[PDB]
Every structure is written in C-alpha cells, then in structure tokens.
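Structural characterization, general
So the chains spell out like this:
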Amino acid sequence: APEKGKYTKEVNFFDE
Amino acid sequence: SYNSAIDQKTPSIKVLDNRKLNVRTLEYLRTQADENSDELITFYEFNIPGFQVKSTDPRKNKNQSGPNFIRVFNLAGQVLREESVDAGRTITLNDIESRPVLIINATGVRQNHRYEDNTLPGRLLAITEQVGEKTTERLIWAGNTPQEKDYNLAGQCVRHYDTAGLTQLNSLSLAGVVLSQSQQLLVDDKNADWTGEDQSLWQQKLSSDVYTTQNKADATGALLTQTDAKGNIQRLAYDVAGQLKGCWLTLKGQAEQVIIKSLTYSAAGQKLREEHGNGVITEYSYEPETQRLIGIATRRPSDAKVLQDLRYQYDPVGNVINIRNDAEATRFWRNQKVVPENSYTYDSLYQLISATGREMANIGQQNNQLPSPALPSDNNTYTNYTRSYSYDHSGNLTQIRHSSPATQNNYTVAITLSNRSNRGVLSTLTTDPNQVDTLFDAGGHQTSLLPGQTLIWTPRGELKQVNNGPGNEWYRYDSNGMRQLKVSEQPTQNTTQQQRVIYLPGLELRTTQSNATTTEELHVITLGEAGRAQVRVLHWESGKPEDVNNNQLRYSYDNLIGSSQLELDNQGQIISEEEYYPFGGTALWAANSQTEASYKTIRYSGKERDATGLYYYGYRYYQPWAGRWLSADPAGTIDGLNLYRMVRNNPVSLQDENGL
C-alpha cells in the first residue's frame, strides 16, 4: 500500500 | 511557494443512503488555478441485505460502460464471486470455519486447500493448483515429542514445501523467534509437484545445497545477531529504549569490523543522527510541529565536506513541493558546483502535475534501459529538465511531457488506456484504445512488456519469465510470493551464458556460469532494510575483477522515499551517484568505474532494478517509464478502484511498500 516516507517506521533488520 | 487557489472549495463529500452506507463519494478536481473545479462522482451500489455489489469510478460512468466490480455475496457477507474489470473474475468458497477451500482465479486456475481430518485440529496440509493436477504446496506439522519441545518446535510447520522448494525450521526461542532455519531450492528442470506420502522422492527434486541460517535473540525477542548461510555474522546492539544503536559485521575467517557505531533517535523514535564505520555522519532534521522530515544532511568529518544536504518543503497536507540540495556537485561533473532546486506542483486530488530537476546531457529519451555512467574522466555535465503529467478521471497517468531546454530533447510519451478498464499500455505497443485488453491476461497481468518482449505468468499470477528476443530471464517465488531465484539466461555465444541469484536472509548468492564452469561467484552480504540506508559487502569467492578490491563495502544513502542516491566506500569517497525522475526513471547516473556500476542493484525506493528494467516491489513488478504496475492489485481495492495506479500518483511524497 502507498505509505509515506521511510523515516516514519521503526527499524527492521530481519523479517520474512 | 504553494498556491492555495488550487484547493479552494474542493472538499471531499461522502453521500449516504437511508441506511448510512456510502453510496457516492464526491471529489472536485482543479488542475490549474484560474479555471473551475470539476466534480467527479464515484458510484457504489448496494443490494437489499446491505453489501457493496457494484462500484463505478467516475470515468466509466461517463462512458456509460459497466461497473468496475460486480460482487456476489453469501448470507454472511463474504464474497463468492468478484467480476472485476481489471482483475477478472474470482470465485471463492470458504468452509464453516472461514478457511479457503476452493479459489478459481480469472485464468481458470482452480486452487484447493485440503486440511487435517476431524480427529486432528484442522491445520493446513496441502494446496493443489489444478489446471493438469499439481500438489504445489505441502505442510508437515510437528508433534509434542520431547525432542520437539527441546527446540520449541511443538505445533509448528517444520517442513514447508512450496513453489520454490523446502523451508525447514530447526529451532525457536522462548518468545517464538526462529533461531535456525534451512532451505533448499528446486532444480531448474522441475516444478513443485509434491504428490505422495514419502518425502524421499521429494529430495531428488531439490538442490544439494542446504542453506541454513542462524540467529540469537534476547528475552524481548529482538534479533541480537545473525549468521548468514555462509558464516558471515551481523551483530546488533540495542539501547535502553529498545531501539537499535549499533551494528558489527564479522566475515567468515576475518575479525569484527564496525558498520554502525552510533545511532541516536528523536522523541518520536525517528532516526536523528547516525555515524557509520565509514566515518560519515548523517543527520536528520524534523519539523517541530508536524514531525515531518525536513532535512537529510550527510557530512564527512574528515574534509568538512557535506556530501548531500536535502532540505524538503511541504504543503499543509504533506505533499513534497520543494527539494533543494545545499551541497556542491560531485567530482563527476566538471566546471559546475550548484545543484538545482526540484520544484513540484499538484492537482486538487494531490497528484503530480509538474516537476523540475536535473538530468544528464547524453541521456536521450527515457526507456527501460538505464544510461551509461558518468565516469570521472569524460568531463560531462548535467542539464535542467521539467516534466508535466496529465491524468484522466480514473487517475491513470496518460502523458508524461518531458521538456528539457538547452539540449533540444523535447519528447512526449502517452499511455493508451482502455474504455472499460484501467488497463493501459505504452503508446509504442498500441495506439488503439480497443486493443489494449488483448495485451493482458484474463487476470489482468500484462503479457507483452515492449514490442519485442513477452511476459509469462504463473498460475498464481506471478511473473514467471520476461522473454526478450534471444535471452529469457525467469524467477521463482515461495508460498508468500517473495522472489527466491532470478536466473538470467543470455543467448548462445558458443553456449548459454547464465547468471543466477539466490535470495537468502541477509545474503545474495549472485553467480555467473557458462556451459561447464562458474566464471564468477559473488556473495553480497546485506546489512539492514533496503531504503533505510543499507550497507552491502561484495565478497568474491571466484572470478573477481582486477581493479576492484575484495570485500568492498558500499554504504547507500537514501532520500525521503528510499531511493539510493549516493554510495560510499569504507573511507567515505563517492562510488556512484544517482538522481531519479519522479516516477522512477534514472535521470542522472555517475560512477567511479564502469565495473563498479555493474554491482549497484537496488536503485529506486529501495527496490532492485532487474536487467529487464522492471523494479521488483514485493508482490508486484513496477515499470517506471509508464508509472504503471505490471498487473492488477493482488489485494483488491485497498487504494481505490484503480488497480494499476502508482502511489496515488504522488511518487515524491509517497512510496509503496512491497507492491501489494
């Protein structure tokens, strides 16, 4: 889905 | 420099019926300030039990053609039939427990889901995609043996056979974080057909290489460290707020270096200051009042040099209208050191109507290819362009009018749309609005990318192959639909020329082979999220180039939406620089070497650009010369009735996570 700039989200180094 | 005459007396009205259901939504569109606003009415029809049967966008209501969607519900309100005008017809049956039993998509592919019997808890066992009968998935659940409880494996799916192979789960932490998993891949001459009961005849379809990866996690379940499938260990540290504050990489057989030595945050948890093991310090500035990102200042504290300083300006609503760079131009552009200001304007529906910026001089017309790099020797410059976009009332991008003065490359490019659908191709393919839906599948996936290029799709609507003229390129996906393989088969020189990429957790096994030998083997170690200033390490096991050095660290530096625009080495010198057209095309592209430009794969919005030009966004593929997606929306009407639209036609302020 279209979300805003990437700065808003929490850091994520490892997921699936 | 925002003009509010575009938005005067243009509200959004949701009209209700006597049951308080939204039967019309009303928009007012004013493209330029002097003229009058245009009322656009989207229609939603409801039956007597109160479910949304048919919906109609404002462009097809003027054409007097049918609705976009025609849904048929059961007595509980779940969709049994969905005749979309862009995604075809979907027939769905669920059982008593609302689990899927029978799905028929628009290409006529019947999907099954058989579960456990009535004496078992009814977990999923197999999935059959009948076209003529393939058991395409197979789930092996675990028991409560004390060997299973020692690794917390009780009641999990230990072996999960899917459309790309096997994903075996080995260990779980006390929170439920996977601490060890392994995965093999299906061989090239075989598809997923997991029929039968014995699993010994399923390992002869899998590769010999079992790629196991390991983790360690704290009591809060946050991942502390991660070993890759080759032995390269990333290790993270966390501060007292639970945020991430550091990162260390130790390659296999080497010591432990520093990748991130400090990472502080704001009060809202946004990134504030980050110093890398590069030494380069980036610093994010925010609005006090709205907490919007108003600055990305990348500074190298060895030459007192500001490598980039992007100051953003906004609308009151949060549309990016002005990006200026207070840095100087890099070493690739001789005789000029001022970076021009990027200005943007929007419609009343907040879709991009005009955009200025800088582009290279020898770029020519934009297409699927990316231009040649600007080396530090050929003393080339950049010029100023401006693009203007035009839309119809369905929100489809119909025309990009690139007008670049001082070079005389003024070209327009049109997207020719249908009358009944939002399916629209480039004007090179077809100029007729009636022969556009012949270029798509029944499910709405595009079948021809360019005049000499055709696309082949899986039963579940994923891109199986981009057929070029002499050389194909095929992919493989897991059960979630994420890409696990990319095999580019170039044509015959005297034999095939095959380039294979394996996507692993934190590891890309990019390899190149001829007939009998591997001529290049490259292990790309990734650190972090793409679009979140990712660091890559290119380690060559075989077939290294002469001029590059091994274990080359490439520190990516991203703009607001995550487009990788600067790559620096471990010392802080610039490797490659990139600017983008607003809908994703490569406008400016400078690099230190031609062979150091061949290894930058993640380009725009943190997404990997393939050799075919399409960007891989998770569940879908995006084509930046048109601003369209390659298929319909796999989730449906999450963002409006336009299943092929980009990020609300607002590609500077918004970006799409994972396509879906």
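Residues numbered from 1 in each chain as written, not as in the entry; some residues may be left out. Chains lettered and ligands numbered in written order. Part of a larger assembly, values for the part shown. Heavy atoms only, no water. Residues with missing side-chain atoms left out of burial classes, pairs and counts.

Header annotation of the entry names cryo-EM as the structure determination method and lists the resolution as 2.9 Å.

1. Structural notes on the overall build of chain B
Summing up its helical and strand segments, chain B has two helices and 48 strands in all. Taking 2.2 N^0.38 as the reference for a compact globule, 660 residues should give roughly 26 Å; the C-alpha atoms of chain B span a radius of gyration of 26 Å, in line with that estimate. With the principal axes as the frame, chain B shows a C-alpha extent of 70 × 70 × 60 Å. Here chain B holds 660 residues, and the buried ones make up 53% of them. For chain B, the accessible surface area stands at approximately 29,100 Å², while carbon and sulfur atoms represent 48% of it. If the 64 positive side-chain charges of chain B are averaged to one point and the 74 negative ones to another, these points end up 1 Å apart. (Helix = DSSP H or I, 4+ residues; strand = E, 2+ residues; numbered from the N terminus. Rg over C-alpha atoms; globule rule 2.2 N^0.38 Å. Buried < 20%, exposed > 50% of the residue type's maximum accessible area, 1.4 Å probe, protein only. Areas by Shrake-Rupley, 256 points an atom, 1.4 Å probe, with all protein chains shown as cover. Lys, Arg positive; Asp, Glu negative; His and termini not counted. Charge placed at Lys NZ, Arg CZ, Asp CG, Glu CD.)

2. Side note on the environment of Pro505(B)
Residues and elements named next belong to chain B. Here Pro505 is to be found in the loop between strand 35 (497-504) and strand 36 (507-513). The spacing of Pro505 and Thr227 is 278 residues in sequence and 9.2 Å in space, taken between C-alpha atoms. Once residues lying within four places of it in the same chain are set aside, the contact partners of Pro505 are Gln181, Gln183, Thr213, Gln226 and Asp228. (Contact = heavy atoms within 4.5 Å.)

3. Overview of the sheet that holds strand 45 (residues 615-617) of chain B
All names here are of chain B. If you walk across this open sheet you meet the five strands as 43-44-45-46-47, and the pairing is antiparallel. Either end of the sheet is taken by a strand with one partner, and the two such strands are strand 43 (602-604) and strand 47 (628-629). Sheet topology note: the strand 45/strand 46 (residues 620-623) ladder contains three bridges and is antiparallel. Residue pairing in the sheet places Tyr615 in a bridge with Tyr622 of strand 46. (Pairing = 2+ DSSP bridges.)

4. Some thoughts on the interface of chain B and chain A
When the parts of a complex come together, some accessible area is lost, and that lost area is often taken as the interface size. Taken together, the contacts link 33 residues of chain B with 14 residues of chain A. Contributing elements (two or more residues each) for the side of chain B that touches chain A: strand 16 (223-227), strand 18 (244-250), strand 19 (257-265) and strand 48 (655-656) of chain B. Its residues assigned to classes, the side of chain B that touches chain A shows 17 nonpolar, eight polar and eight charged. Pairing between strand 1 (residues 2-3) of chain A and strand 48 of chain B: two bridges, direction antiparallel. Considered in strand 48 of chain B, the bridge of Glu3(A) is made with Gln655(B). (Nonpolar A, V, L, I, M, F, W, Y, C, P; charged D, E, K, R; others polar.)

5. Examining the pattern of salt bridges
Residue and element names in this part refer to chain B. The final tally for this structure, using the stated rule, is 36 salt bridges over all chains. Among the salt bridges present, the one from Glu275 reaches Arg273, with a minimum N-O distance of 3.9 Å. The exposure class of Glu275 is buried, given its relative accessible area of 17%. Note on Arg273: relative accessible area 26%, which makes it partly exposed. With its nearest N and O atoms 2.8 Å apart, the salt bridge here joins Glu508 to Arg510. Accessibility classification places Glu508 together with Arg510 in one group, the buried group. (Salt bridge = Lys/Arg side-chain N within 4 Å of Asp/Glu carboxyl O.)

6. Let's talk about the side chain of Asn215(B)
Residues and elements named next belong to chain B. Topologically, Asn215 is positioned in strand 15 (residues 211-217). Using a relative accessible area of 16% as the deciding quantity, one classes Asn215 as buried. In this structure the side chain of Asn215 is engaged in a polar contact, spanning 2.8 Å, whose partner is the backbone oxygen of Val178. (Polar contact = N/O pair within 3.5 Å; in protein donor to acceptor, adjacent residues only side chain to side chain.)

7. Points about the pairing of strand 29 (residues 409-417) of chain B
All names here are of chain B. Pairing between strand 28 (residues 397-404) and strand 29: six bridges, direction antiparallel. Bridged to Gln399 within strand 29 is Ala414. Once strand 28 ends, the chain turns through four residues before running back antiparallel as strand 29, passing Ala406 with a positive phi of about 65°. Summarising the sheet, strand 29 and strand 30 (residues 424-426) pair through three bridges and their orientation is antiparallel. Along strand 30, the bridge assignment pairs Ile415 with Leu426. What sits between strand 29 and strand 30 in their antiparallel hairpin is a turn of six residues.

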